[PDB]
2 protein chains.
Amino acid sequence: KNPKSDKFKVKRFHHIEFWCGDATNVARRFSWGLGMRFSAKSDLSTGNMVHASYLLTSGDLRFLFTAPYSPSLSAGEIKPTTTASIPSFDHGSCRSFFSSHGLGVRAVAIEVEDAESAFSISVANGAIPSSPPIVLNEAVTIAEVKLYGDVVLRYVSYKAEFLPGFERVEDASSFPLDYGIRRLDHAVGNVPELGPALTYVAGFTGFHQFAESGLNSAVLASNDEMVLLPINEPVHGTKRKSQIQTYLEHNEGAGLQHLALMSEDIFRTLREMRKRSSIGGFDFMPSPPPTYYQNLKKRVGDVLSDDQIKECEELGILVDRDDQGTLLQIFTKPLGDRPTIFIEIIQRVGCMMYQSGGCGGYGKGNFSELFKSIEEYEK
Amino acid sequence: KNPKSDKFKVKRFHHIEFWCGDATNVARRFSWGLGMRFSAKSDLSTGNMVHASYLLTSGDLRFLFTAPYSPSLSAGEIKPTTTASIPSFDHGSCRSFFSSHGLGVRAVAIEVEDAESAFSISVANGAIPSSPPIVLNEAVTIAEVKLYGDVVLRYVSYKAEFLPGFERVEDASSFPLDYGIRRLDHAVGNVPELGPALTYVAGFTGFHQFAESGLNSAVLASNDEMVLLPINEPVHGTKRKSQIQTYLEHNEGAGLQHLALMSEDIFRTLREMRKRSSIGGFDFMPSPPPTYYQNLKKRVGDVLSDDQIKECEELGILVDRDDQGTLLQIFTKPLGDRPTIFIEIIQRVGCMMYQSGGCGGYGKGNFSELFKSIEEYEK
Ligand SMILES: Cc1ccccc1-n1c(=O)c2c(C)c(C(=O)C3=C(O)CCCC3=O)ccc2n(C)c1=O
Ligand SMILES: Cc1ccccc1-n1c(=O)c2c(C)c(C(=O)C3=C(O)CCCC3=O)ccc2n(C)c1=O
Ligand SMILES: [Co+2]
Ligand SMILES: [Co+2]
């Protein structure tokens, strides 16, 4: 059941912003590892004396990488005269975030009909304000409220290309990489206590809840279920230590756990990413045993052929199934030094009407299926 | 004239250590951009709860990338019980360095006969101590003194594979990249005042001085002139603003300006690096006008053929000449967000006896030749 209770009009995920120590090196690594194109910049070469921000795109997916310059370059500025293109940016906040958490997501940005309205309604309904609405060049409005930990939910609305003050990058420096990633499917937070986190976020958004090893989790969703925000809490005392708890320890508390990126062809995406794992790209979790793929015939043999299943086996892809649809997924190793944030690659099969959001679930059935396949492979 | 006045026995450059916010992403970017192999690690997976350190190698060149973990992971440790593999590391120093300077070189490390002796003699002769000698697993001794700004000169000596506590990286995660880079030729500092900097460093090392647009510079060299440490100061009031002064402003003071990496085949190195510039690697300075390469015939037509000169032209390579030998060189754009540190690729022709250090100079003749070629190309 979907009560469609959004307190303001939400459209889609807009962008994800990483706060970095050096935006250049993270953005170049991610571009190569994920097959994302450099598409916009705001830095010294565009007159920004405050922060360096670089935008990567793949389809509708937008990854922004931002780092602070020396405060000395902008010491004469005040907020009315700022050269920052993202007015919510603050040197001290950014340095403290990265010191505390390491490389990670600062902002989960969603496009809304009216960012000022979304902000006011959010705070009237319990949201902790982070940055008030600011209109950029009379064209785009941006506002921020706290989501969890030091992560903000950023509202963006357009009257009528990324943000004012960003320049399109020169074609020569913009190599058209593309491994098939097309949009952000969901963005997942880890928190110490799920209940209060859910109550807080669902409280100010009106997002509704969507449809024994490590965690409890729930998913908040917008009206059409295209903005999907799962949240995890640890389960303590378990045989193996909870990966949610490890996250909280190494991250210094709550924050974004993983970004799930939808591919239009997960087999091409994983072939291309795995070719680059050892030459600057991303590594993937250790593959499941062959028993997992043997057992896929009984589970999804009506959705995937033998060839398509064998192709899952060579690439380490996981498969889970809903009552609505089927999900192919795989997880990277952590994106940076700490065992904190990672990426999921996903493709969904079914739920055609366009495809409805969350088709096939989030792979929670793969916890049981993995452990069983582990012991079954012990044989 | 070479008075051979080293106050202790110096062998060769050993490694360069970058202090990072996220060592993983910088190391992966550099590995791909420069064709360096992942060869050792010290991080959580090796029991280091303090810092993440990753070592890249190409020939004898060793680049180390280090970033701090949360201090909470090691809060119970004291120096006698540390899990850090580099005992001079300090969370606060590293965070303050990166906050102040951004991504850059913390340590210029040279191998010496006896790091304890080198340290004591250095400080007895004016060196400002940074980290006292520490013996690692009764096998390697490390000590540090201040060089300039927040850069240290690190002494390493071996009784008899990088450092104790570092593990060799798994072959699968160790792709054998190689674009021809073979060793560190020289490491260059920018300072506000050259005289005091030279007096200080030559004072404690016994290094001797080796053989109108922007700077004054001089080069300190070890006995056999294989450890080469140029230092630049700005020249103010010039028509174009000094790039040394821009460095000091954006770096928050003195620091390492560039690393010159010798290639065994500069044409292969530059072909391979330029193929990767727009897909995660490094960008190069804008190429000289065709007049520069037209004028190369008269200057080096006895060293390079027409084909070898035309090959310089397509790759943007610069050529300068000594009375001893000839130098091919090219400069990258800055390695990170700030217009501070960059890399030079070099290959030297001549001075055979082995090749003697500094053969061909450092390209200072290319300041005049570039400006002339600029106006000549205006035509
Ligand atoms: C537990 C674990 C340890 C070491 C590496 C990997 C894992 N690991 C996962 O992290 C994992 C995740 C993260 C999801 C997942 O995407 C997801 C949930 O965890 C909760 C609902 C929302 C959501 O999107 C699904 C299955 C997973 N499975 C099966 C798994 O094994
Ligand atoms: C001035 C400038 C502005 C924008 C980009 C590039 C440049 N630029 C250089 O940075 C440059 C350098 C850095 C060297 C060089 O390697 C060097 C010295 O500068 C002093 C002696 C020790 C040493 O190693 C030589 C020639 C150079 N030339 C010719 C040049 O044009
Ligand atoms: Co997921
Ligand atoms: Co040089």
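Here is how names work: the chains are called A, B, and so on, in the same order as the sequence lines, proteins then strands, and each is numbered from 1. Computation of the quantities below employed the complete heavy-atom set of this structure, encompassing side-chain atoms and omitting hydrogens, waters and symmetry-equivalent molecules.
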- Task: Check each atom of B:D43 against the heavy atoms of chain A and say whether the ones under 4.5 Å are side chain, backbone, both or neither.
- Result: neither
- Okay, B:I279 and chain A: the region with an atom under 4.5 Å from a heavy atom over there is both
- Item | Residue A:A23 versus chain B: region with a heavy atom under 4.5 Å | both
- Message: Test of understanding: with ring pair (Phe, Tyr, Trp, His ring centres under 6.0 Å), list the residues that count as partners of A:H250, not counting sequence neighbours.
- Response: none
- Any salt bridge between A:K241 and A:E249, counting N to O under 4.0 Å? yes
- Heavy-atom distance under 4.5 Å to chain A: side chain of B:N251, backbone, both or neither? neither
- Item | Donor-acceptor pair between A:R268 and A:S263 side chains, under 3.5 angstrom | no
- Among side-chain atoms of A:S42 and A:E167, is any donor-acceptor pair under 3.5 angstrom? no
- Please determine, by modelled atom types, if A:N25 and B:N25 share a side-chain donor-acceptor pair under 3.5 angstrom. no
- Side chain from CB out, backbone as N, CA, C, O: work out which of these in B:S31 comes under 4.5 Å of a heavy atom of chain A, or both, or neither. neither
- Can you name the residues that form a side-chain hydrogen bond (donor to acceptor under 3.5 Å, both in side chains) with B:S287, not counting sequence neighbours? none
- Query: Looking at B:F65 versus B:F18, is the centre-to-centre ring distance below 6.0 Å?
  - Reply: yes
- Residues of residues 333-343 of chain B contacting chain A, heavy-atom criterion under 4.5 Å, by residue number: B:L335, B:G336, B:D337, B:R338, B:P339
- Task: Can you sort out the partners of B:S88 under side-chain contact (heavy atoms from CB on, under 4.5 Å), two or more places apart, ordered by chain and number?
- Result: B:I86, B:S131, B:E144, B:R154
